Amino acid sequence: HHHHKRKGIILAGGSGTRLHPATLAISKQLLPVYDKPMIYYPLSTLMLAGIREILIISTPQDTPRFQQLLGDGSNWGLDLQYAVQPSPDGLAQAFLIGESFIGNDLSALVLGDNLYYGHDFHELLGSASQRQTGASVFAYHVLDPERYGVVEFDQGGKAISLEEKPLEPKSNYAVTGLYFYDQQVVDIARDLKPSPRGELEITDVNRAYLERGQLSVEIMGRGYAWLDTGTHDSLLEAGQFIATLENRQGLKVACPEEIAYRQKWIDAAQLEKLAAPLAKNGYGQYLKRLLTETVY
């Protein structure tokens, strides 16, 4: 081989019956958060990390639905591919399903229902996606660490343990649903055994990187918003939250077309074409306004 890059996975899996009957009609990661489908937020997050090649993993039923919404990604300067998860057998299963898509590249996994907002978010992802060996994750102070993977730090701020959904959390630092990996992850994933719960656990993957001294745990500070989209009540909170930012600023959070245009993955002419069929609503108007406004 002669030499002369990082791929993305969004896991937009089966949310069971927990949100029924809202989710009988459609899958969770197609429900909107305010003005746009849920999937637009993690997708925008990957794009902001600089990732253009992305694998959307969803149920067999829902795959066609995501495909229709997003296509191959070519209109936004992306290359989207699709795969199915027959059964919700754990988040780490994404690496077995995604094996051939990853190939010998670096990867990044994002949960389909994870929403992030804040200043210099681009720069915080930059430093994770720039480290070419090991794994990088983010830890975020929360009220209810029991629901997540919890990181324990020593007095020097070094990460020393990881626990999935501990009943007695060692700290309030939760592992967020955004993960960066080197080429070792597929092989670490293949050697995992199901948990007592029947799942291939992402925390087991991260524990394996930690055990080799190859796990970077960056803090995502309190000045960032990491929102919960797990309940009816939290989905509603996230909507309110985005609407308040958007109506205050006259700017959008996680508008993929805008992110593609600012990254130079699409040009002015292409952005204008995408604005055309949306011209009679606020979203298309906003795309048009981006052609002529300078936004710092």
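The first residue of the shown sequence is 1; numbering continues from there.
In this entry, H4 and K5 are separated by 4 to 9 residues of the deposited sequence that lack coordinates. For the pair 17 to 25 and 282 to 290, the record assigns the higher mean C-alpha temperature factor to 17 to 25. Judged by mean Cα B factor in the deposited record, 89 to 97 ranks above the other of 89 to 97 and 163 to 171. For the set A208, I219, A128, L115, the maximum C-alpha B-factor listed in the entry falls on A128. Across the options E246, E53, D228, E257, the residue with the most elevated CA B-factor in the record is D228.
Placement of the Cα temperature factor of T176 within the chain: lowest third of the modelled residues, per the deposited record. Among the modelled residues of its chain, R190 has a C-alpha B-factor that falls in the highest third according to the deposited record.
Per the PDB record, residue ranking by Cα B-factor puts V151 in the middle third of the chain. In the deposited entry, the Cα temperature factor of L236 places it in the middle third of its chain's modelled residues. Annotation for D182: CA B-factor lies in the middle third of the chain's modelled residues.
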